[PDB]
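Novice: no FASTA, just this:
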């Protein structure tokens, strides 16, 4: 069980809304990202890809405002981090979101 899989279990089927580890509301998502970035020193690729999926679910829902806030909040925490892996994780999230934006949405 990855970080978010364990958070999902302590939060039963998948909500239909964009969700990270079962969290739909923005403040719940925000607290999850905070705990992930500030307590984990070696993030799992599986958790990074669940963030990618949360982001492209927001695009599919046309919730570009919530996406903007989520990216910017993650950018702040991940680049405040002492560990260089979080900088790479943030780059990786942006890169993969843009592959989906470009190929699916023409952007």
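Specialist: Received it, and whenever you're ready, just let me know what you need. Numbers count the residues shown, from 1 in each chain.
Novice: going forward, measure contacts and count neighbours with C-alpha atoms only.
Specialist: Noted.
Novice: Just give the nearest non-adjacent residue to the residue nearest the centre of the chain, would you?
Specialist: By C-alpha atoms, centre = their mean, the chain has its centre lying nearest to residue 51, at 2.6 Å. Closest residue in space to residue 51, ignoring its immediate chain neighbours: residue 20 at 7.0 Å, by C-alpha to C-alpha, 6 or more residues apart in numbering.
Novice: Buried residues, the longest helix along the chain. List them.
Specialist: Using DSSP state H, we find that the single longest helix of the chain is helix 84-105. Residues 86-87, 89-90, 92-93, 96-98, 100 are the ones in helix 84-105 that count as buried (16 or more other C-alpha atoms under 10 Å).
Novice: these two touch, right, the residue nearest to residue 51 and residue 5?
Specialist: No. Residue 20 is not in contact with residue 5 according to C-alpha atoms under 8 Å; the separation is 9.4 Å.
Novice: SS state for residue 57?
Specialist: Assigned with DSSP: H, G, I helix; E, B strand; the rest coil, residue 57 falls in the helix class.
Novice: So it versus residue 19, what's the distance?
Specialist: Going from residue 57 to residue 19 by C-alpha to C-alpha, to the nearest Å gives 8 Å.
Novice: Compute the inter-axis angle for the helix or strand harbouring residue 34 and helix 84-105.
Specialist: Element membership of residue 34 [criterion: DSSP states H and E] is helix 26-39. Taking axes from the mean of the first three to the mean of the last three C-alpha atoms, to 10 degrees, one finds helix 26-39 and helix 84-105 inclined to each other by 140 degrees.
Novice: re earlier: relative to residue 37, which of the buried residues of helix 84-105 is nearest.
Specialist: Ranked by distance to residue 37 (C-alpha to C-alpha), the buried residues of helix 84-105 are led by residue 86 at 7.7 Å.
Novice: got a list of what that closest one touches?
Specialist: Residue 86 makes contacts with 37, 43, 78-79, as judged by C-alpha atoms under 8 Å, 6 or more residues apart in numbering.
Novice: what's stretch 54-65 in contact with?
Specialist: With contact meaning C-alpha under 8 Å, 6+ apart, stretch 54-65 is reached by 18-20, 66-67, 97, 100-101.
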